[PDB]
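There's a structure below that I have some questions on.
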Amino acid sequence: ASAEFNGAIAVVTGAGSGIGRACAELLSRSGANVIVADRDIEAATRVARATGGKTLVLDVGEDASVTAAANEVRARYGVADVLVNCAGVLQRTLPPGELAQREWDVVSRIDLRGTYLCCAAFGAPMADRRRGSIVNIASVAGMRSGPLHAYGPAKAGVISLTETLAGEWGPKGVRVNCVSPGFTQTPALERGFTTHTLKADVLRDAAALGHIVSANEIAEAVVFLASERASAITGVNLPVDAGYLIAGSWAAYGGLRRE
Amino acid sequence: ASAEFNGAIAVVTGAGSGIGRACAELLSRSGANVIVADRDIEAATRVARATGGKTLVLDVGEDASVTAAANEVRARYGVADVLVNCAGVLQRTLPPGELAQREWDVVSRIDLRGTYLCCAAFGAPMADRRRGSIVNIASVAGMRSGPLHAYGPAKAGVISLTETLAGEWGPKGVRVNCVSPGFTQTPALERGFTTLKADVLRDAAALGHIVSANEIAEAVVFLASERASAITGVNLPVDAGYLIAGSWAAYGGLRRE
Amino acid sequence: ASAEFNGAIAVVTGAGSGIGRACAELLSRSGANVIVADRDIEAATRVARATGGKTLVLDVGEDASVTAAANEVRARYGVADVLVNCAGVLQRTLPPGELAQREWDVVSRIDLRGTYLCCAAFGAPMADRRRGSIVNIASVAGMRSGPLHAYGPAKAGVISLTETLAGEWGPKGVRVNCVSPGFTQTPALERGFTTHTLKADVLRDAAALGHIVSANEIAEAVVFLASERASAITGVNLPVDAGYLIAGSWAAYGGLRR
Amino acid sequence: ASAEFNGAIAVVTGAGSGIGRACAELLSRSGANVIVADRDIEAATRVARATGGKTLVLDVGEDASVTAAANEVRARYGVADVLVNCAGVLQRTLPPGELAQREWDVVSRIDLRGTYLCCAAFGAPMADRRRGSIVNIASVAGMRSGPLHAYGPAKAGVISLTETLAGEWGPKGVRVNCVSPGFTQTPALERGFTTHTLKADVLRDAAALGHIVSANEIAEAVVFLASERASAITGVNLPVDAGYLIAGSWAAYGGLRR
Ligand SMILES: NC(=O)c1ccc[n+]([C@@H]2O[C@H](COP(=O)([O-])OP(=O)(O)OC[C@H]3O[C@@H](n4cnc5c(N)ncnc54)[C@H](O)[C@@H]3O)[C@@H](O)[C@H]2O)c1
Ligand SMILES: NC(=O)c1ccc[n+]([C@@H]2O[C@H](COP(=O)([O-])OP(=O)(O)OC[C@H]3O[C@@H](n4cnc5c(N)ncnc54)[C@H](O)[C@@H]3O)[C@@H](O)[C@H]2O)c1
Ligand SMILES: NC(=O)c1ccc[n+]([C@@H]2O[C@H](COP(=O)([O-])OP(=O)(O)OC[C@H]3O[C@@H](n4cnc5c(N)ncnc54)[C@H](O)[C@@H]3O)[C@@H](O)[C@H]2O)c1
Ligand SMILES: NC(=O)c1ccc[n+]([C@@H]2O[C@H](COP(=O)([O-])OP(=O)(O)OC[C@H]3O[C@@H](n4cnc5c(N)ncnc54)[C@H](O)[C@@H]3O)[C@@H](O)[C@H]2O)c1
């Protein structure tokens with residue numbers, strides 16, 4: 001535990017599960033007053049009870065929901081000091097034509113547009129106040145090819161939006177960065193194992209360190225960038241991926257040189 | 001003029017103006033049978049008359065329009081050999097909160113989703129046929145910071161989608177690449193001068209030029225052609241050195257004449 | 001039919017073999033007056049006889065050789081219109097400690113420093129004359145991880161130097177770009193097969209298009225960038241790799257769908 | 001507390017001044033046993049008196065110096081747990097031809113080759129023991145164009161080498177990452193002000209946050225990556241630049257909105 005965020009209001013979207021839960025837990029253990037924001041109130045309530053945080057009902061796919069949630073935070077607590085955008089959904093890894101356009105649309109709406117909605121609603125007041133730190137959650141899938149024709153582009157959009165906002169709000173004292181997880185142990189990744197969409201040993205083999213990343217490891221990088229340890233860092237994308245991005249190019253040379 | 005695309009069916013979206021028009025002109029001068037596709041039927045027809053191409057009514061923001069256009073092409077001409085995705089719109093350069101969410105949505109719908117709609121509708125038949133070349137139009141704005149919180153992310157999405165498709169369809173023999181224009185002289189840029197200042201754009205590029213639509217088209221046509229037979233999944237900036245020049249300010253700026 | 005150079009003077013380093021040979025051949029077929037430059041005069045002569053170009057002895061690891069070559073070009077032909085830096089060497093794919101420091105030093109000296117030597121010697125006069133186009137040869141190995149602790153860094157150095165020079169000389173009308181080949185069929189790649197450092201089917205499998213790149217395919221990209229068809233392109237790195245950079249990230253999803 | 005190292009041995013090169021000094025200081029405050037390594041014993045002694053660390057004479061431009069220093073660390077303390085490569089030099093911002101080749105060579109030898117020498121000498125034993133964390137210092141100048149035809153390429157080389165080593169040694173449990181500072185307040189930057197090579201207000205204006213980066217701010221990112229809080233991070237380049245990389249592209253739109 002630490003006092004690094006004592007007094008800080010930290011809104012974490014998607015905080016009921018996975019990466020957002022781990023960020024909420026670490027921010028709370030670091031002293032922050034965490035707003036546990038999720039569309040799933042049961043999950044958010046469980047996390048808030050464990051962290052001492054406060055729940056906020058938030059559907060990032062619904063403009064009215066985001067606007068209302070932002071107004072509730074301002075009225076009840078104050079201008080957010082930290083915003084972490086973890087709400088997101090995955091997609092089936094289907095090629096164009098097999099992937100339903102409806103599925104493509106949902107991924108874009110939640111993962112890119114929903115992050116924009118929250119940055120605008122929670123972050124514009126930060127720029128007005130002249131202080132704040134925003135951390136978005138992108139993905140290695142936003143950085144390289146893969147069978148994710150909605151999720152890849154949406155996460156690449158998050159990397160871009162992190163850069164555009166960092167330039168817009170830098171002169172107003174707000175830092176905006178993003179973390180790009182590799183394959184991270186969460187209930188979403190477990191559902192991929194259950195549908196046989198992914199295989200755990202295949203994911204380990206695809207990473208230079210031979211590990212699947214833990215939600216807590218992602219949260220450490222988010223909290224670093226959200227904190228004053230990162231006071232000079234803005235507009236960056238930090239991959240936390242156990243070396244996934246490193247390993248793929250070794251196959252032409254016979255693969256990683258393993259134990 | 002050349003025969004490099006003799007016999008090829010080349011669908012160009014947004015071909016009524018600007019970059020798409022220059023691509024249609026150069027593809028036609030290179031021998032292709034150009035399908036001049038646009039939401040603006042009068043503009044498409046002017047370009048088709050000049051190029052010997054054929055018009056195709058296409059609104060990349062309407063799924064039914066894209067599906068019908070792809071079906072017309074397949075029945076009247078055949079499977080496309082080349083698809084160039086130039087249809088697109090710009091946005092007002094407003095910060096979050098000032099930019100209307102409706103404006104953000106339109107840009108994402110046309111510039112990213114509309115390119116996906118056309119890649120799926122025209123490009124899946126290419127993958128089934130085991131040959132084709134697709135060139136998307138991104139932007140330097142998809143590569144660096146700027147005051148375009150819809151357009152930047154959408155164009156970054158185009159760069160990503162070019163990569164994801166190149167991997168999906170590489171084993172089926174379809175190459176997918178993208179060109180990222182800098183500031184390019186088109187009627188859309190002229191509307192910016194009447195938001196943007198021409199001297200400022202020249203100063204922001206290492207070569208001191210605004211890119212012409214024809215210069216963009218040369219890069220598109222290179223990537224679409226067999227001169228690029230081993231090139232897939234790449235983003236080619238055609239920007240007069242905009243991406244190069246910004247980092248010089250800390251050292252006193254470009255060292256000019 | 002790829003471009004027209006109208007007699008432009010084009011100096012190609014490493015032009016006796018592989019990528020440089022293919023660049024010299026296509027430039028000559030495209031109307032350029034090619035200067036076939038190489039450390040191996042016998043290989044340069046063979047290529048120059050086939051291209052109608054002229055030979056130039058050039059060892060990019062020897063400062064005096066680069067200076068003397070630039071002086072010969074200036075006196076005999078004039079300032080170059082095009083420079084293509086293809087001279088290069090590979091390395092054994094050994095981890096640090098197994099890799100001899102002497103091997104590391106050679107690769108850095110030839111592949112990065114030697115390209116800098118030629119850009120300074122042949123390219124500064126281009127900037128003085130307010131025109132020219134320079135194409136460097138980097139590699140996908142300068143863009144991603146691999147067992148190449150000298151060659152990767154040197155080729156990443158070439159990508160950077162392309163950007164730095166593009167900015168220095170952009171205002172003087174000189175474009176500077178680079179091509180990053182993937183695995184390309186040359187005698188240097190053949191030595192990787194013979195020594196069993198590389199396996200041809202493994203290289204095809206590692207590319208989204210399932211091919212090894214040909215030297216001519218690299219030359220087409222070099223010639224495009226060197227030509228007026230690329231008059232607005234500067235400071236860019238163009239990968240020509242059959243989709244090597246694309247394919248590696250698919251393994252986590254079960255690999256390429258073949 | 002930024003991190004806890006529990007007595008881990010941390011070798012910091014260039015630790016007598018600037019970024020290396022700040023890294024040594026924060027590592028010591030975070031519980032590491034710091035080895036303050038520098039070519040200048042006087043500066044290293046001053047830093048080590050403040051950190052309780054131990055001094056090591058190290059010239060990263062002399063192979064025998066690096067080898068002897070690694071042997072002394074192994075003999076006196078053990079295999080390093082952490083290595084931070086901060087030894088470096090800048091260059092005059094001159095175009096090719098005006099920049100002496102001797103100046104180009106020094107920058108490449110110290111900034112890229114010297115980092116490779118240290119990664120090989122101190123890092124191969126880490127891979128052998130199956131544990132360690134290495135942080136290299138690159139620069140934003142290794143990521144974008146500028147008037148730095150040696151320093152840009154050398155620092156791009158460091159970003160590459162970080163990736164190549166991360167792949168080589170990842171399977172042996174060693175993480176390798178790098179930090180790319182922007183303009184950072186050190187004696188080296190002050191020499192740029194004194195020579196009027198740089199102007200402080202120009203550097204602030206070129207960053208989205210309007211600041212010059214402090215040496216301590218760089219050290220925080222180095223210590224995060226070196227620590228177990230970054231146990232899943234390898235092969236990455238983390239810019240710490242107050243938004244320099246963000247700001248340049250705004251000029252076309254009228255500049256930053258201040
Ligand atoms: N798990 C991975 O391997 C991985 C990898 C890369 C990126 N990511 C990204 O990290 C973030 C979280 O991933 P996760 O693994 O923690 O998934 P998760 O399913 O375990 O948690 C996601 C949370 O987001 C909430 N949520 C979903 N849609 C929402 C909506 N419209 N409005 C509000 N809340 C919504 C969910 O209720 C859920 O609690 C996502 O952006 C994900 O794309 C995850
Ligand atoms: N001009 C530049 O500086 C510049 C820079 C970077 C990127 N781009 C991109 O190049 C592409 C073309 O730009 P331009 O300068 O030629 O603009 P332009 O206005 O001159 O031409 C754009 C064409 O797209 C058509 N179009 C717009 N929406 C459409 C829709 N839903 N369906 C079908 N057609 C539609 C328009 O009718 C028009 O004919 C765009 O993607 C643009 O974002 C332009
Ligand atoms: N073949 C590939 O797969 C591949 C991949 C990526 C990059 N590259 C790069 O392409 C360029 C050409 O490679 P290649 O495959 O054609 O090799 P190659 O052996 O077929 O030809 C290389 C030429 O460079 C000459 N040369 C070597 N050192 C020289 C020196 N100091 N001075 C003058 N000439 C010298 C050689 O005599 C030879 O003629 C190199 O830079 C290489 O690193 C090659
Ligand atoms: N200051 C900046 O703005 C900035 C920006 C980007 C990157 N960097 C990089 O950070 C690192 C340190 O920069 P700094 O500002 O702290 O410089 P500095 O002059 O303040 O300190 C550098 C230290 O490196 C030592 N050193 C130099 N050459 C050496 C050699 N052969 N062997 C051993 N020690 C040697 C010096 O004795 C000195 O103590 C460098 O790699 C630099 O390139 C600095």
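Chain identifiers are assigned alphabetically (A, B, ...) following the order of the sequence lines, protein sequences preceding nucleic acid strands; residue numbering begins at 1 within each chain.
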Residues A/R109, B/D105: salt bridge by 4.0 Å N-O rule:
no
So which of B/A156, B/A154, B/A124, B/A166 has the biggest tally of heavy-atom pairs under 4.5 Å with chain A?
B/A156
Most contact-rich option vs chain A, by heavy-atom pairs under 4.5 angstrom, among B/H149, B/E163, B/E168, is B/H149
Measure up the B/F183 and B/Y242 rings against each other and bin them: parallel (under 30°), tilted (30 to 60°), perpendicular (over 60°).
perpendicular
Looking only at A/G146, A/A150, A/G167, most heavy-atom pairs under 4.5 Å shared with chain B are made by A/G146
For A/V135 against A/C178, the heavy-atom pair lying closest together
CG1-CA, 4.3 Å
Residue, of B/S108, B/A127, B/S145, that accumulates the most heavy atom pairs under 4.5 Å with chain A
B/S145
Select one option (side chain, backbone, both, neither) describing which atoms of B/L148 are under 4.5 Å from chain A's heavy atoms.
backbone
Which region of A/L161, side chain (C-beta onward) or backbone (N, CA, C, O), has a non-hydrogen atom less than 4.5 Å from a non-hydrogen atom of chain B, or is it both or neither?
both
Residues A/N136, A/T162; criterion side-chain hydrogen bond (donor to acceptor under 3.5 Å, both in side chains); working and verdict
CA-CA 7 Å; A/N136 300 317; A/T162 295; 2.9 Å; yes
Side-chain donor or acceptor of B/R39 paired with backbone N/O of B/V60 under 3.5 Å
no
Ranking A/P95, A/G235, A/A121, A/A120 by heavy-atom pairs under 4.5 Å to chain B gives rank one to A/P95
A/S65 side chain to A/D59 main-chain N or O, any donor-acceptor pair under 3.5 Å?
yes
